[PDB]
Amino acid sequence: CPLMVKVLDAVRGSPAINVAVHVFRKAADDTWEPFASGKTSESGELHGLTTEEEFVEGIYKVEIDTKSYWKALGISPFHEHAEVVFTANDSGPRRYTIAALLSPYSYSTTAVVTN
């Protein structure tokens, strides 16, 4: 609810389906601990990663396995994965949508933070 991920394919002009997404939370020893994961739906969205009670302020990394995605389509990719590292902040609005647009040699990611 508080955190949603949406992936799109700029080569085929479609949602990016069954893309693996891992979210990590930065721990006090500065290592990344597993926090949430899932695979995008037919609409390229991944919902239900976390809840308001568990999504406390902190630094989060979301990993999008873009390489596996392009491999399964038979298209050489450049990147190992796409990356979005950010600070969740209770001051700001509290719904985070991380959207990624993927090409084999390029990606863009944007955050839409709303109520």
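Between two forms, the rigid core is the largest collection of C-alphas that superpose within 1.5 Å. Numbers for residues come from their place in the sequence shown, where the first is 1.
**Student:** Rigid core fitted first, then name the stretch among 83 to 91 and 49 to 57 whose C-alphas deviate most from the displayed form in 8 other deposited structures of this protein.
**Tutor:** So, of the two stretches, the farther one in 8 other deposited structures of this protein is 83 to 91.
**Student:** What stretch has the higher average Cα B-factor here, 18 to 26 or 98 to 106?
**Tutor:** Stretch with the greater average CA B-factor: 18 to 26.
**Student:** Mean C-alpha B-factor higher for 28 to 36, or for 55 to 63?
**Tutor:** It is 28 to 36.
**Student:** Can you tell me which third, lowest, middle or highest, the CA B-factor of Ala111 falls into for its chain?
**Tutor:** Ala111: CA B-factor falls in the lowest third of its chain.
**Student:** For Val5, does the deposited CA B-factor place it in the lowest, middle or highest third of the chain?
**Tutor:** It belongs to the lowest third of the chain when residues are ordered by C-alpha B-factor.
**Student:** Within this chain's modelled residues, let me know which third the CA B factor of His79 belongs to: lowest, middle or highest.
**Tutor:** Ranked within chain, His79 CA B lands in the lowest tercile.
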